[PDB]
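There is one chain below, alone, in structure tokens, taken in the form deposited without the ligand.
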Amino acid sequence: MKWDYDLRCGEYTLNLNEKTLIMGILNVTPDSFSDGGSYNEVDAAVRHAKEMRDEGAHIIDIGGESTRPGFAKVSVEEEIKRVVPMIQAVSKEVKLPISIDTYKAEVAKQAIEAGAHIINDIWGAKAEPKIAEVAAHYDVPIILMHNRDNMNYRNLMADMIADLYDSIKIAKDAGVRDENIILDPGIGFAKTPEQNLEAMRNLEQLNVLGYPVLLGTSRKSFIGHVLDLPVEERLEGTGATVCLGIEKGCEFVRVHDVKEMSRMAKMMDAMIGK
């Protein structure tokens, strides 16, 4: 009942009421010597995508080098060379909606022509506002993530909701329809460990804006800060964050460990009555 529309992802449709949707994380393994497109690079990407599809992923999230976790300085002409061949191949042989992980307008634009269905922006359309227009033009869902270039909060949650609505304004002024807007609390970004725990504890507040919320906490540093555990041993901590996130009404979770998280989400959904 909570949502009265389905997420329209070109040729795939995502119901927001039946279950928590699992977005699986695919990071490029760049080939040295080449700028992209090579067989090993692309085929490792496809095999990874297929594994995630089998493990219960509903969306595949595809990131280049300029995005997380790398954040390397690459121009858009090269990032296209790399990210486009992956999107052409994955979209061809894995029938799932694909989101492009970029804050760059031209990269988002190429990705969608290559065959991406959703835009996923870590800067909430603030780094390159034209990205909002790209989304409006192609009529695709855009994920707006909370992020700032500083740590200076008067009031964390109120500041987050304010910051986010600034993103919504930019998106809607560009012509993006409400149904194509998704929000993300930006856990792990521009927050102290203490502020990350705080945002998690108060996540249900994001619900007042009236948009589906995607949660992305997978293997993040704050989990390590709490448990005192390296990145490879953060499965149980990520699981907690996913369970809490779902209890507090999130519609997507973005995770590396698709099998495990998928199982937890399904148990949560059964319990909270999704």
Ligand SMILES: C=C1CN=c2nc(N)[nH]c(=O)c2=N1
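Numbers follow the displayed sequence, beginning with 1. Think of the rigid core as the biggest set of C-alphas that the two forms share within 1.5 Å after superposition.
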property: Other compared entries missing residue 238, a third or more; result: no
property: Test item: residue 48 lacks coordinates in at least a third of other entries; result: no
property: 159-167 versus 130-138 - greater average Cα B-factor per the deposited record; result: 130-138
property: Mean C-alpha temperature factor, higher of 83-91 and 180-188; result: 83-91
property: Which of 68, 248, 58, 219 ranks first by CA B-factor in the deposited coordinates; result: 68
property: Third assignment of residue 34 from its chain's C-alpha B-factors; result: highest
property: Lowest, middle or highest third - CA B-factor, residue 64; result: highest
property: B-factor third for the C-alpha atom of residue 14 within its chain; result: highest
property: Third of the chain's Cα B-factor distribution that residue 193 belongs to, per the entry; result: highest
property: Residue 110 - which third its CA temperature factor falls in, relative to the rest of the chain; result: highest
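There is also a form deposited with the ligand bound; it is not shown, and the following applies to it.
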{"query": "The ligand in the bound PDB entry reached by all of 20, 59 and 213, non-hydrogen atom within 4.5 Å", "finding": "no"}
{"query": "Listed residue (171, 145, 134, 203) with a non-hydrogen atom within 4.5 angstroms of the ligand in the bound PDB entry", "finding": "145"}
{"query": "Single option in 187, 86, 176, 160 placed near the ligand in the bound PDB entry, where near means a heavy atom within 4.5 Å", "finding": "187"}
{"query": "Residue 167, heavy atom within 4.5 angstroms of the ligand in the bound PDB entry", "finding": "no"}
{"query": "Interface membership of residue 120, the ligand in the bound PDB entry, 4.5 Å heavy atom rule", "finding": "yes"}
{"query": "Contact test in the bound PDB entry: residue 220 vs the ligand, heavy atoms, 4.5 Å", "finding": "yes"}
{"query": "Non-hydrogen atom contact residue 79 with the ligand in the bound PDB entry at 4.5 angstroms", "finding": "no"}
{"query": "C-alpha displacement of 2 Å or more between this form and the one not shown on the rigid core, among 56, 224, 249, 69", "finding": "69"}
{"query": "Residue pair residue 66, residue 188 - Cα distance in the bound PDB entry, closer or farther (3 Å or more)", "finding": "closer"}
{"query": "Cα-Cα shift for residue 72 and residue 132, closer or farther in the bound PDB entry, minimum 3 Å", "finding": "farther"}
